[PDB]
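File shown: model.pdb. Contents: PDB, C-alpha atoms.
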ATOM      1  CA  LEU J 305     -33.841 -40.079 -11.929
ATOM      2  CA  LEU J 306     -35.347 -36.807 -10.692
ATOM      3  CA  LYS J 307     -34.744 -37.898  -7.093
ATOM      4  CA  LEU J 308     -31.134 -38.742  -8.018
ATOM      5  CA  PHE J 309     -30.671 -35.510 -10.003
ATOM      6  CA  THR J 310     -29.955 -32.969  -7.243
ATOM      7  CA  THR J 311     -31.181 -31.785  -3.832
ATOM      8  CA  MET J 312     -31.751 -35.333  -2.603
ATOM      9  CA  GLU J 313     -34.232 -35.116   0.263
ATOM     10  CA  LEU J 314     -33.503 -37.619   3.032
ATOM     11  CA  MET J 315     -36.099 -40.323   2.351
ATOM     12  CA  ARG J 316     -36.554 -43.956   3.332
ATOM     13  CA  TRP J 317     -35.475 -46.629   0.850
ATOM     14  CA  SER J 318     -38.396 -48.856   1.891
ATOM     15  CA  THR J 319     -40.475 -46.979  -0.686
ATOM     16  CA  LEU J 320     -37.844 -47.984  -3.259
ATOM     17  CA  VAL J 321     -37.938 -51.620  -2.091
ATOM     18  CA  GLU J 322     -41.326 -52.247  -3.705
ATOM     19  CA  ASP J 323     -40.287 -50.109  -6.685
ATOM     20  CA  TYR J 324     -37.338 -52.419  -7.355
ATOM     21  CA  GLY J 325     -39.486 -55.464  -6.589
ATOM     22  CA  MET J 326     -42.079 -54.508  -9.184
ATOM     23  CA  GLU J 327     -39.121 -53.553 -11.387
ATOM     24  CA  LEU J 328     -38.230 -57.251 -11.268
ATOM     25  CA  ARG J 329     -41.873 -58.347 -11.540
ATOM     26  CA  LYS J 330     -43.180 -56.394 -14.539
ATOM     27  CA  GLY J 331     -42.047 -57.455 -18.005
ATOM     28  CA  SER J 332     -43.448 -54.646 -20.170
ATOM     29  CA  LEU J 333     -40.236 -52.608 -19.901
ATOM     30  CA  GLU J 334     -36.799 -52.886 -18.255
ATOM     31  CA  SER J 335     -37.324 -56.641 -18.399
ATOM     32  CA  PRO J 336     -33.707 -57.963 -17.832
ATOM     33  CA  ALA J 337     -33.769 -57.201 -14.113
ATOM     34  CA  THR J 338     -33.300 -60.926 -13.509
ATOM     35  CA  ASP J 339     -30.333 -60.564 -15.868
ATOM     36  CA  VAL J 340     -29.050 -57.774 -13.623
ATOM     37  CA  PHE J 341     -29.457 -60.298 -10.783
ATOM     38  CA  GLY J 342     -28.117 -63.097 -12.993
ATOM     39  CA  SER J 343     -24.931 -63.724 -11.029
ATOM     40  CA  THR J 344     -25.196 -64.750  -7.386
ATOM     41  CA  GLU J 345     -22.685 -62.113  -6.218
ATOM     42  CA  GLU J 346     -22.566 -59.444  -8.943
ATOM     43  CA  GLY J 347     -26.153 -58.341  -8.346
ATOM     44  CA  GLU J 348     -25.536 -58.317  -4.598
ATOM     45  CA  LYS J 349     -22.504 -56.072  -5.117
ATOM     46  CA  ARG J 350     -24.552 -53.787  -7.376
ATOM     47  CA  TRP J 351     -27.346 -53.615  -4.785
ATOM     48  CA  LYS J 352     -25.232 -53.198  -1.643
ATOM     49  CA  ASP J 353     -22.882 -50.796  -3.434
ATOM     50  CA  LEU J 354     -25.951 -49.085  -4.915
ATOM     51  CA  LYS J 355     -27.613 -48.348  -1.570
ATOM     52  CA  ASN J 356     -24.137 -47.550  -0.251
ATOM     53  CA  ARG J 357     -23.544 -45.257  -3.234
ATOM     54  CA  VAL J 358     -26.731 -43.274  -2.627
ATOM     55  CA  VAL J 359     -26.229 -43.272   1.167
ATOM     56  CA  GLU J 360     -22.834 -41.694   0.468
ATOM     57  CA  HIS J 361     -24.074 -39.399  -2.308
ATOM     58  CA  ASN J 362     -26.754 -37.869  -0.081
ATOM     59  CA  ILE J 363     -24.009 -37.246   2.487
ATOM     60  CA  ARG J 364     -22.026 -35.497  -0.251
ATOM     61  CA  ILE J 365     -25.098 -33.368  -1.026
ATOM     62  CA  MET J 366     -25.915 -32.432   2.574
ATOM     63  CA  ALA J 367     -22.199 -31.757   3.130
ATOM     64  CA  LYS J 368     -22.523 -28.586   1.040
ATOM     65  CA  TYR J 369     -25.142 -27.247   3.456
ATOM     66  CA  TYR J 370     -23.704 -26.271   6.839
ATOM     67  CA  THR J 371     -26.999 -26.990   8.636
ATOM     68  CA  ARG J 372     -25.305 -29.372  11.137
ATOM     69  CA  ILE J 373     -27.638 -32.306  10.519
ATOM     70  CA  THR J 374     -26.293 -33.930  13.727
ATOM     71  CA  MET J 375     -25.462 -37.345  12.276
ATOM     72  CA  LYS J 376     -26.069 -38.856  15.725
ATOM     73  CA  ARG J 377     -29.765 -38.086  15.222
ATOM     74  CA  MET J 378     -29.520 -38.937  11.515
ATOM     75  CA  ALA J 379     -28.396 -42.443  12.479
ATOM     76  CA  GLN J 380     -31.600 -42.705  14.526
ATOM     77  CA  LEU J 381     -33.810 -41.457  11.684
ATOM     78  CA  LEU J 382     -32.143 -43.845   9.216
ATOM     79  CA  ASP J 383     -32.679 -46.824  11.581
ATOM     80  CA  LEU J 384     -29.163 -48.207  11.133
ATOM     81  CA  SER J 385     -26.220 -49.025  13.377
ATOM     82  CA  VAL J 386     -23.442 -46.527  14.040
ATOM     83  CA  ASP J 387     -20.762 -49.126  13.246
ATOM     84  CA  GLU J 388     -21.551 -49.154   9.524
ATOM     85  CA  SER J 389     -21.694 -45.361   9.783
ATOM     86  CA  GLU J 390     -18.101 -45.520  11.015
ATOM     87  CA  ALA J 391     -17.467 -47.726   7.985
ATOM     88  CA  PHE J 392     -19.133 -44.975   5.953
ATOM     89  CA  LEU J 393     -16.539 -42.648   7.476
ATOM     90  CA  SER J 394     -13.961 -45.195   6.306
ATOM     91  CA  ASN J 395     -15.421 -44.525   2.857
ATOM     92  CA  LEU J 396     -15.191 -40.770   3.484
ATOM     93  CA  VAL J 397     -11.488 -40.865   4.386
ATOM     94  CA  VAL J 398     -10.945 -42.094   0.818
ATOM     95  CA  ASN J 399     -13.774 -39.800  -0.349
ATOM     96  CA  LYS J 400     -11.687 -36.772   0.773
ATOM     97  CA  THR J 401     -13.352 -35.894   4.080
ATOM     98  CA  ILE J 402     -10.200 -34.080   5.272
ATOM     99  CA  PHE J 403     -12.269 -30.880   5.658
ATOM    100  CA  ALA J 404     -14.277 -31.843   8.735
ATOM    101  CA  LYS J 405     -14.334 -31.609  12.528
ATOM    102  CA  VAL J 406     -15.064 -34.444  14.960
ATOM    103  CA  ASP J 407     -15.571 -34.542  18.732
ATOM    104  CA  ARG J 408     -14.114 -36.889  21.342
ATOM    105  CA  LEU J 409     -16.826 -36.375  23.973
ATOM    106  CA  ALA J 410     -19.933 -36.103  21.786
ATOM    107  CA  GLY J 411     -20.588 -37.726  18.413
ATOM    108  CA  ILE J 412     -21.662 -34.640  16.483
ATOM    109  CA  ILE J 413     -19.504 -33.844  13.456
ATOM    110  CA  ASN J 414     -18.776 -30.459  11.890
ATOM    111  CA  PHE J 415     -18.182 -29.970   8.163
ATOM    112  CA  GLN J 416     -17.365 -26.281   8.729
ATOM    113  CA  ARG J 417     -16.012 -23.852  11.367
ATOM    114  CA  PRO J 418     -12.323 -23.944  10.322
ATOM    115  CA  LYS J 419      -9.532 -22.038  12.053
ATOM    116  CA  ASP J 420     -10.985 -19.116  10.020
ATOM    117  CA  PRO J 421      -8.026 -16.840   9.203
ATOM    118  CA  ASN J 422      -9.431 -13.317   9.299
ATOM    119  CA  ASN J 423      -7.080 -12.170   6.520
ATOM    120  CA  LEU J 424      -8.583 -14.631   3.997
ATOM    121  CA  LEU J 425     -12.037 -15.918   4.991
ATOM    122  CA  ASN J 426     -13.576 -12.979   6.856
ATOM    123  CA  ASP J 427     -11.676 -10.787   4.393
ATOM    124  CA  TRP J 428     -13.429 -12.491   1.469
ATOM    125  CA  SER J 429     -16.867 -12.484   3.110
ATOM    126  CA  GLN J 430     -16.580  -8.844   4.188
ATOM    127  CA  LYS J 431     -15.373  -7.921   0.689
ATOM    128  CA  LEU J 432     -18.319  -9.560  -1.072
ATOM    129  CA  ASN J 433     -20.857  -8.350   1.507
ATOM    130  CA  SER J 434     -19.669  -4.743   1.824
ATOM    131  CA  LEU J 435     -18.823  -4.306  -1.865
ATOM    132  CA  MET J 436     -22.018  -6.074  -2.951
ATOM    133  CA  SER J 437     -24.008  -3.714  -0.725
ATOM    134  CA  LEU J 438     -22.100  -0.748  -2.178
ATOM    135  CA  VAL J 439     -22.577  -1.457  -5.885
ATOM    136  CA  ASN J 440     -26.009  -3.056  -5.432
ATOM    137  CA  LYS J 441     -27.009  -0.024  -3.368
ATOM    138  CA  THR J 442     -25.544   2.064  -6.202
ATOM    139  CA  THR J 443     -27.591   0.495  -9.014
ATOM    140  CA  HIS J 444     -31.229   0.687  -7.898
ATOM    141  CA  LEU J 445     -30.741   4.026  -6.108
ATOM    142  CA  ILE J 446     -30.010   6.089  -9.220
ATOM    143  CA  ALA J 447     -32.005   3.613 -11.322
ATOM    144  CA  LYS J 448     -35.106   4.366  -9.251
ATOM    145  CA  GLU J 449     -34.079   8.034  -9.312
ATOM    146  CA  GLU J 450     -34.485   7.709 -13.082
ATOM    147  CA  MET J 451     -37.730   5.749 -12.666
ATOM    148  CA  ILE J 452     -39.361   8.622 -10.747
ATOM    149  CA  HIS J 453     -38.548  11.123 -13.511
ATOM    150  CA  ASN J 454     -41.374   9.779 -15.699
ATOM    151  CA  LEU J 455     -44.036  10.924 -13.207
ATOM    152  CA  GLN J 456     -43.618  14.592 -14.188
TER     153      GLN J 456
ATOM    154  CA  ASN T 197      14.894  32.987 -37.679
ATOM    155  CA  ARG T 198      15.609  35.079 -40.786
ATOM    156  CA  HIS T 199      12.326  35.960 -42.538
ATOM    157  CA  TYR T 200      10.569  33.628 -40.060
ATOM    158  CA  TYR T 201       9.580  34.731 -36.543
ATOM    159  CA  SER T 202       7.015  33.661 -33.935
ATOM    160  CA  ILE T 203       4.478  35.092 -31.484
ATOM    161  CA  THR T 204       3.588  34.598 -27.827
ATOM    162  CA  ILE T 205       0.771  32.317 -26.647
ATOM    163  CA  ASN T 206      -1.507  32.712 -23.622
ATOM    164  CA  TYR T 207      -4.528  30.776 -22.358
ATOM    165  CA  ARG T 208      -7.953  31.566 -20.912
ATOM    166  CA  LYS T 209     -10.328  29.618 -18.663
ATOM    167  CA  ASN T 210     -13.741  30.629 -17.331
ATOM    168  CA  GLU T 211     -15.422  29.267 -14.200
ATOM    169  CA  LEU T 212     -17.490  26.719 -16.145
ATOM    170  CA  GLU T 213     -14.377  25.093 -17.610
ATOM    171  CA  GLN T 214     -12.611  25.438 -14.249
ATOM    172  CA  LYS T 215     -15.282  23.707 -12.158
ATOM    173  CA  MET T 216     -16.563  21.348 -14.868
ATOM    174  CA  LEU T 217     -13.095  20.235 -15.975
ATOM    175  CA  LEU T 218     -11.642  20.383 -12.451
ATOM    176  CA  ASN T 219     -14.443  18.347 -10.872
ATOM    177  CA  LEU T 220     -14.421  16.179 -14.006
ATOM    178  CA  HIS T 221     -10.725  15.371 -13.541
ATOM    179  CA  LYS T 222     -11.013  14.873  -9.777
ATOM    180  CA  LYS T 223     -13.933  12.544 -10.498
ATOM    181  CA  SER T 224     -11.769  10.982 -13.220
ATOM    182  CA  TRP T 225      -9.361  10.117 -10.387
ATOM    183  CA  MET T 226     -12.189   9.281  -7.946
ATOM    184  CA  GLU T 227     -14.769   6.490  -7.774
ATOM    185  CA  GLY T 228     -18.427   6.345  -8.758
ATOM    186  CA  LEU T 229     -19.986   6.476  -5.296
ATOM    187  CA  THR T 230     -16.519   7.357  -3.868
ATOM    188  CA  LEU T 231     -17.025   4.712  -1.159
ATOM    189  CA  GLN T 232     -16.434   1.593  -3.280
ATOM    190  CA  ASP T 233     -12.658   1.137  -3.547
ATOM    191  CA  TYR T 234     -11.907   2.332   0.006
ATOM    192  CA  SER T 235     -12.765  -0.909   1.814
ATOM    193  CA  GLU T 236     -10.981  -2.741  -1.016
ATOM    194  CA  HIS T 237      -7.635  -1.389   0.190
ATOM    195  CA  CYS T 238      -8.734  -1.299   3.842
ATOM    196  CA  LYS T 239      -9.224  -5.077   3.636
ATOM    197  CA  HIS T 240      -6.334  -5.616   1.208
ATOM    198  CA  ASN T 241      -4.031  -4.319   3.953
ATOM    199  CA  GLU T 242      -4.521  -7.737   5.582
ATOM    200  CA  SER T 243      -4.076  -9.872   2.438
ATOM    201  CA  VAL T 244      -1.886  -8.176  -0.197
ATOM    202  CA  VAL T 245      -0.169  -5.267   1.574
ATOM    203  CA  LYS T 246       1.246  -7.705   4.145
ATOM    204  CA  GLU T 247       3.527  -8.954   1.368
ATOM    205  CA  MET T 248       4.472  -5.343   0.603
ATOM    206  CA  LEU T 249       5.108  -4.784   4.322
ATOM    207  CA  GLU T 250       7.337  -7.860   4.591
ATOM    208  CA  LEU T 251       9.222  -6.854   1.440
ATOM    209  CA  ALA T 252       9.357  -3.293   2.785
ATOM    210  CA  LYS T 253      11.019  -4.656   5.923
TER     211      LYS T 253
END
Conversion result in structure tokens:
Amino acid sequence: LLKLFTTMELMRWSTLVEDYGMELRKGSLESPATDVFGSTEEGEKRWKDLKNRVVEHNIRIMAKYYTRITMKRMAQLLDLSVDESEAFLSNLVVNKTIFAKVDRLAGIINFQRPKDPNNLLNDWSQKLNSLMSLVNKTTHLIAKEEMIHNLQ
Amino acid sequence: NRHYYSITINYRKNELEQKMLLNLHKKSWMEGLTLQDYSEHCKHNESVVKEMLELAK
């Protein structure tokens, strides 16, 4: 639950394979795991759509960061084929991936670097940066000027 | 005006009221650090004033 809470670090599910296996083996708690796998197809849909759901959720988490994870290398670290990653993109087109940038020559994707209108985006960033430096510079300057008065 | 008249009125202001109230009113129309709201309009010329320029045209 803590790994699924937030800031999901890219980890291998093989460590979760034995966790789910012993989750089916041990009967002290969460016993009806065989009842979760009761149906021949329902448990398979819950498992495939579960690993799919976390392998999409971690993409939705790393999509906030603009670090350019270079999904071509990520497909190598995850040890999976790029075809089901294209199917994952088929899940992103319905998962509202319209804010992205792809490349015909290479395979690297970009979740940022828009057309960047200078009247809105650089306007906003320059407003928050310049104004934040102005008022933040204003607070601790005279605040420290009042802190040095106690030395007399 | 019968049995009821009035008198003239003048004022007086020293330099302490002149500079304290004058600089106090100029500061009352100015900013805190005086550099805060300048870039606000300098960068609003590209976002908000453009509508006022199109309407002006």
Got a sec to pull out which chain J residues are within 9 Å of chain T, counting only C-alpha atoms, and send them as a list in words?
->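 Applying the cut-off to the listed atoms yields residues 422, 423, 424, 427, 428, 430, 431, 434, 435, 438, 439 and 442 of chain J.
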Can I get the selection written as a PDB file, in the frame of the given file, with C-alpha atoms?
ATOM      1  CA  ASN J 422      -9.431 -13.317   9.299  1.00  0.00           C
ATOM      2  CA  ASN J 423      -7.080 -12.170   6.520  1.00  0.00           C
ATOM      3  CA  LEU J 424      -8.583 -14.631   3.997  1.00  0.00           C
ATOM      4  CA  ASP J 427     -11.676 -10.787   4.393  1.00  0.00           C
ATOM      5  CA  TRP J 428     -13.429 -12.491   1.469  1.00  0.00           C
ATOM      6  CA  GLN J 430     -16.580  -8.844   4.188  1.00  0.00           C
ATOM      7  CA  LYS J 431     -15.373  -7.921   0.689  1.00  0.00           C
ATOM      8  CA  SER J 434     -19.669  -4.743   1.824  1.00  0.00           C
ATOM      9  CA  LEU J 435     -18.823  -4.306  -1.865  1.00  0.00           C
ATOM     10  CA  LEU J 438     -22.100  -0.748  -2.178  1.00  0.00           C
ATOM     11  CA  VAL J 439     -22.577  -1.457  -5.885  1.00  0.00           C
ATOM     12  CA  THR J 442     -25.544   2.064  -6.202  1.00  0.00           C
TER      13      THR J 442
END
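Picture a line from atom CA of residue 251 of chain T to atom CA of residue 421 of chain J; it runs 21.4 Å.
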Who sits within 12 Å of segment 317-326 of chain J, all atoms listed in the file, same chain under 4 positions skipped, as a tab-separated table (two decimals) with C-alpha atoms, in the coordinates of the input:
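selection_35.tsv, freshly written:
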chain	number	residue	atom	x	y	z
J	307	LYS	CA	-34.74	-37.90	-7.09
J	313	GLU	CA	-34.23	-35.12	0.26
J	330	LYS	CA	-43.18	-56.39	-14.54
J	331	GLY	CA	-42.05	-57.46	-18.00
J	332	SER	CA	-43.45	-54.65	-20.17
J	333	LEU	CA	-40.24	-52.61	-19.90
J	334	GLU	CA	-36.80	-52.89	-18.26
J	335	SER	CA	-37.32	-56.64	-18.40
J	337	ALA	CA	-33.77	-57.20	-14.11
J	338	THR	CA	-33.30	-60.93	-13.51
J	340	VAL	CA	-29.05	-57.77	-13.62
J	341	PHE	CA	-29.46	-60.30	-10.78
J	351	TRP	CA	-27.35	-53.62	-4.78
J	354	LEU	CA	-25.95	-49.08	-4.92
J	355	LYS	CA	-27.61	-48.35	-1.57
J	356	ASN	CA	-24.14	-47.55	-0.25
J	358	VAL	CA	-26.73	-43.27	-2.63
J	359	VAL	CA	-26.23	-43.27	1.17
J	382	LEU	CA	-32.14	-43.84	9.22
J	383	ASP	CA	-32.68	-46.82	11.58
Shell around residue 376 of chain J at 12 Å using only C-alpha atoms, local window under 6 positions removed, as a ChimeraX atom specification = /J:382-387,389-390,406-407,410-414
Between atom CA of residue 224 of chain T and atom CA of residue 453 of chain J, what is the spacing in Å?
->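 Spanning atom CA of residue 453 of chain J to atom CA of residue 224 of chain T is a straight-line distance of 26.8 Å.
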Could you expand the PyMOL selection byres ((chain J and resi 311) around 9) into the explicit residues it covers here, written as a PyMOL selection string?
-> chain J and resi 307-310+312-313+362+365-366
Rounded to one decimal place, report the atom CA of residue 419 of chain J-atom CA of residue 363 of chain J distance in Å.
-> 23.1 Å
Pick out the residues sitting within 12 Å of residue 364 of chain J, and hand them over as a PyMOL selection string; count all atoms listed in the file, and ignore anything fewer than 3 positions along from it in its own chain.
-> chain J and resi 310-312+357-361+367-370+392-393+395-396+399-401+415
Selection export as a short mmCIF file (atom, residue, chain, number, x, y, z; two decimals), in the frame of the given file, atoms kept: C-alpha atoms:
data_model
loop_
_atom_site.label_atom_id
_atom_site.label_comp_id
_atom_site.auth_asym_id
_atom_site.auth_seq_id
_atom_site.Cartn_x
_atom_site.Cartn_y
_atom_site.Cartn_z
CA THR J 310 -29.96 -32.97 -7.24
CA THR J 311 -31.18 -31.78 -3.83
CA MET J 312 -31.75 -35.33 -2.60
CA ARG J 357 -23.54 -45.26 -3.23
CA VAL J 358 -26.73 -43.27 -2.63
CA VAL J 359 -26.23 -43.27 1.17
CA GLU J 360 -22.83 -41.69 0.47
CA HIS J 361 -24.07 -39.40 -2.31
CA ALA J 367 -22.20 -31.76 3.13
CA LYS J 368 -22.52 -28.59 1.04
CA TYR J 369 -25.14 -27.25 3.46
CA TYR J 370 -23.70 -26.27 6.84
CA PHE J 392 -19.13 -44.98 5.95
CA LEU J 393 -16.54 -42.65 7.48
CA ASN J 395 -15.42 -44.52 2.86
CA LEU J 396 -15.19 -40.77 3.48
CA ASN J 399 -13.77 -39.80 -0.35
CA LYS J 400 -11.69 -36.77 0.77
CA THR J 401 -13.35 -35.89 4.08
CA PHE J 415 -18.18 -29.97 8.16
#
Can you spit out segment 309-334 of chain J with N, CA, C and O atoms, as a CSV table (one decimal), in the first residue's frame, from the structure just given?
chain,number,residue,atom,x,y,z
J,309,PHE,N,1.1,4.1,-2.8
J,309,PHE,CA,0.5,5.4,-2.3
J,309,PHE,C,0.9,6.6,-3.2
J,309,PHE,O,0.0,7.2,-3.8
J,310,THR,N,2.2,6.9,-3.4
J,310,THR,CA,2.6,7.9,-4.2
J,310,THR,C,4.1,7.8,-4.4
J,310,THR,O,4.8,7.0,-3.7
J,311,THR,N,4.7,8.5,-5.4
J,311,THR,CA,6.1,8.4,-5.8
J,311,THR,C,6.5,7.0,-6.0
J,311,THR,O,7.5,6.5,-5.3
J,312,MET,N,5.9,6.3,-6.9
J,312,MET,CA,6.2,4.9,-7.2
J,312,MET,C,7.5,4.8,-7.9
J,312,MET,O,7.6,5.1,-9.1
J,313,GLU,N,8.5,4.3,-7.2
J,313,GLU,CA,9.8,4.1,-7.8
J,313,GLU,C,9.7,2.9,-8.8
J,313,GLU,O,9.1,1.9,-8.5
J,314,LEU,N,10.4,3.0,-9.9
J,314,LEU,CA,10.3,2.0,-10.9
J,314,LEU,C,11.1,0.7,-10.4
J,314,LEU,O,12.3,0.7,-10.4
J,315,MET,N,10.3,-0.3,-10.0
J,315,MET,CA,10.8,-1.5,-9.5
J,315,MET,C,10.3,-2.7,-10.3
J,315,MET,O,9.3,-2.6,-11.0
J,316,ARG,N,11.0,-3.8,-10.1
J,316,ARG,CA,10.6,-5.1,-10.8
J,316,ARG,C,9.5,-5.8,-10.0
J,316,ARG,O,9.6,-5.9,-8.8
J,317,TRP,N,8.5,-6.3,-10.8
J,317,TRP,CA,7.4,-7.0,-10.2
J,317,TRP,C,7.8,-8.4,-9.8
J,317,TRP,O,7.0,-9.1,-9.2
J,318,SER,N,9.0,-8.9,-10.2
J,318,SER,CA,9.4,-10.2,-9.8
J,318,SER,C,9.5,-10.4,-8.2
J,318,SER,O,9.3,-11.4,-7.7
J,319,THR,N,9.8,-9.3,-7.5
J,319,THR,CA,9.8,-9.3,-6.1
J,319,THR,C,8.3,-9.4,-5.6
J,319,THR,O,8.1,-9.9,-4.5
J,320,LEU,N,7.3,-8.9,-6.3
J,320,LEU,CA,5.9,-9.1,-6.0
J,320,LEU,C,5.4,-10.4,-6.4
J,320,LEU,O,4.3,-10.8,-5.9
J,321,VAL,N,6.1,-11.2,-7.3
J,321,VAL,CA,5.6,-12.5,-7.7
J,321,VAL,C,5.6,-13.4,-6.5
J,321,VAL,O,4.6,-14.1,-6.2
J,322,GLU,N,6.7,-13.5,-5.7
J,322,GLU,CA,6.7,-14.4,-4.5
J,322,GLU,C,5.8,-13.8,-3.4
J,322,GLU,O,5.3,-14.6,-2.6
J,323,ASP,N,5.6,-12.5,-3.4
J,323,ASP,CA,4.7,-11.9,-2.4
J,323,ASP,C,3.3,-12.3,-2.7
J,323,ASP,O,2.6,-12.7,-1.7
J,324,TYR,N,2.9,-12.4,-3.9
J,324,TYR,CA,1.5,-12.8,-4.3
J,324,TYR,C,1.4,-14.4,-4.1
J,324,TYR,O,0.4,-14.9,-3.8
J,325,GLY,N,2.5,-15.1,-4.4
J,325,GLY,CA,2.5,-16.5,-4.3
J,325,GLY,C,2.4,-16.9,-2.8
J,325,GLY,O,1.5,-17.8,-2.5
J,326,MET,N,3.1,-16.3,-1.9
J,326,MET,CA,2.9,-16.6,-0.5
J,326,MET,C,1.6,-16.0,0.0
J,326,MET,O,1.1,-16.5,1.0
J,327,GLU,N,1.1,-15.0,-0.7
J,327,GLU,CA,-0.2,-14.5,-0.4
J,327,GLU,C,-1.3,-15.5,-0.7
J,327,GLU,O,-2.3,-15.6,0.0
J,328,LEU,N,-1.1,-16.4,-1.7
J,328,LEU,CA,-1.9,-17.5,-1.9
J,328,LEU,C,-1.6,-18.7,-1.0
J,328,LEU,O,-2.5,-19.5,-0.7
J,329,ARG,N,-0.4,-18.8,-0.5
J,329,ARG,CA,0.0,-20.0,0.3
J,329,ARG,C,-0.4,-19.9,1.7
J,329,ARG,O,-1.0,-20.8,2.2
J,330,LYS,N,-0.1,-18.7,2.4
J,330,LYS,CA,-0.4,-18.6,3.8
J,330,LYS,C,-1.9,-18.4,4.0
J,330,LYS,O,-2.6,-17.7,3.3
J,331,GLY,N,-2.4,-19.1,5.1
J,331,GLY,CA,-3.8,-19.0,5.5
J,331,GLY,C,-4.1,-18.3,6.7
J,331,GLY,O,-5.2,-18.3,7.2
J,332,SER,N,-3.1,-17.7,7.4
J,332,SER,CA,-3.4,-16.9,8.6
J,332,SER,C,-4.2,-15.7,8.4
J,332,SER,O,-5.1,-15.4,9.2
J,333,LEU,N,-4.0,-15.0,7.3
J,333,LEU,CA,-4.8,-13.8,6.9
J,333,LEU,C,-4.9,-13.7,5.4
J,333,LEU,O,-4.2,-14.5,4.7
J,334,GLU,N,-5.8,-12.9,5.0
J,334,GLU,CA,-6.1,-12.8,3.5
J,334,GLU,C,-6.2,-14.1,2.9
J,334,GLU,O,-5.7,-14.4,1.8
